Amino acid sequence: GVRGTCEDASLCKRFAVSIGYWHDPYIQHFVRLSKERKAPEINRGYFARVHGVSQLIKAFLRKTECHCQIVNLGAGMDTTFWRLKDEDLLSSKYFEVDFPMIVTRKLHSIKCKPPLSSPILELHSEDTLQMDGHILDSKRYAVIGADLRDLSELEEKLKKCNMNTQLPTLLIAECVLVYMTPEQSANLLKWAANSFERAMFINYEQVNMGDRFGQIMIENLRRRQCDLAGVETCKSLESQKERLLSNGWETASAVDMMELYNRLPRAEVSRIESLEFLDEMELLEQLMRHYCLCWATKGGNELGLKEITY
Ligand SMILES: Nc1ncnc2c1ncn2[C@@H]1O[C@H](CSCC[C@H](N)C(=O)O)[C@@H](O)[C@H]1O
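In the entry's author numbering, the protein residues as written are 25 to 334.
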């Protein structure tokens, strides 16, 4: 069930892109275009998610002048590496982690499609990519098959791909931590904090899950054999912040997605709202109030990391 979320996320993102929510010429190479009608509330939610996460990544890249690493944990078919390259934003090295099966799928897409492999090769120090098995390693981009609940495997394979614990490092978990136990996600967060002197962590996932709407969401996901093993932490923005502060992080900010959406520039909101008609604002408000964007920093005072916002 948990691996299946990668496909769902990719399917939803490509669909939103096809309607014009944001620009992504790469996602087509990793997933088919869904053909059925969706709630516009869902597309707006995906846009807010992607925008918020992107804003935070770009703020980190500005503060570090791109002299840094990005590690995307549970990255699925994310295209952020290619989209950043196009914007002339390239970290020193960009790392992705997912289950071996998911990584195999992603490497197959890259190997089959020159629009994906070429940009990687352009920046590499060799005239070829070694992509056998569950690892792609290159100068500026690595994709690693590892179970995030096995921290020894995670660290070993990241270090095999020359992850440098001395660079300011941004770690991202976009709709990932909720699938592991509270102990497993806490251990991951603590591992990250212990590993890096100067760091930032972005967590996007559910929030306010104790109410009826949240209980219904949980059961709809348990109905598809996909348990929200970490949903306890999604009680509130407070429980989200506490998990960060109690596992080695120095700062913790969190916002629900409705507030984020309400704080978007007027131009972005007008553009977004132009794409599809939405009849009842309350379904939207409800959905947006049950997701959150959280970020934590440590050792960032010289870089001004605690000043980063969405
Ligand atoms: N224990 C674990 N180890 C490695 N990957 C995991 C994991 N638990 C969940 N994942 C991955 O987390 C992803 C959740 S779907 C979200 C994908 C991507 N971050 C996006 O936002 O578009 C899936 O690809 C799933 O395989």
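Where a beta carbon is used, it is the ideal one built from N, C-alpha and C, also for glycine.
Tell me whether residue i sits in a helix, a strand or coil according to DSSP, three-state version.
i, result
"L35", "helix"
"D280", "strand"
"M125", "helix"
"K137", "coil"
"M155", "coil"
"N218", "helix"
"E326", "coil"
"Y315", "strand"
Quick check on this structure: which residue in the options has the alpha carbon closest to the alpha carbon of residue i?
i, options, result
"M204", "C258, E326, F301", "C258"
"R56", "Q239, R38, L212", "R38"
"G254", "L201, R236, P139", "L201"
"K184", "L172, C199, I159, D171", "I159"
"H148", "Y165, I134, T103, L311", "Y165"
"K214", "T103, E274, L252", "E274"
In angstroms, rounded to a whole number, what distance separates the CA positions of residue i and residue j?
i, j, result
"residue 18", "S219", "Because the chain in this structure spans residues 25 to 334, residue 18 falls outside the shown range and cannot be described."
"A278", "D151", "43 Å"
"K130", "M101", "7 Å"
"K137", "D174", "31 Å"
"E262", "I240", "22 Å"
"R313", "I168", "33 Å"
"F71", "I43", "11 Å"
What I want to know is whether the C-beta of residue i ends up closer than 8 Å to one or more non-hydrogen atoms of ligand 1.
i, result
"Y203", "yes"
"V41", "no"
"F237", "no"
"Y285", "no"
"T193", "no"
"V121", "yes"
"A72", "no"
"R56", "no"
"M233", "no"
"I126", "yes"
"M241", "no"
For residue i, count the other beta carbons within 10 Å of its own beta carbon; 16 or more makes it buried, fewer makes it exposed. Which is it?
i, result
"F301", "exposed"
"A216", "buried"
"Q230", "buried"
"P139", "exposed"
"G238", "buried"
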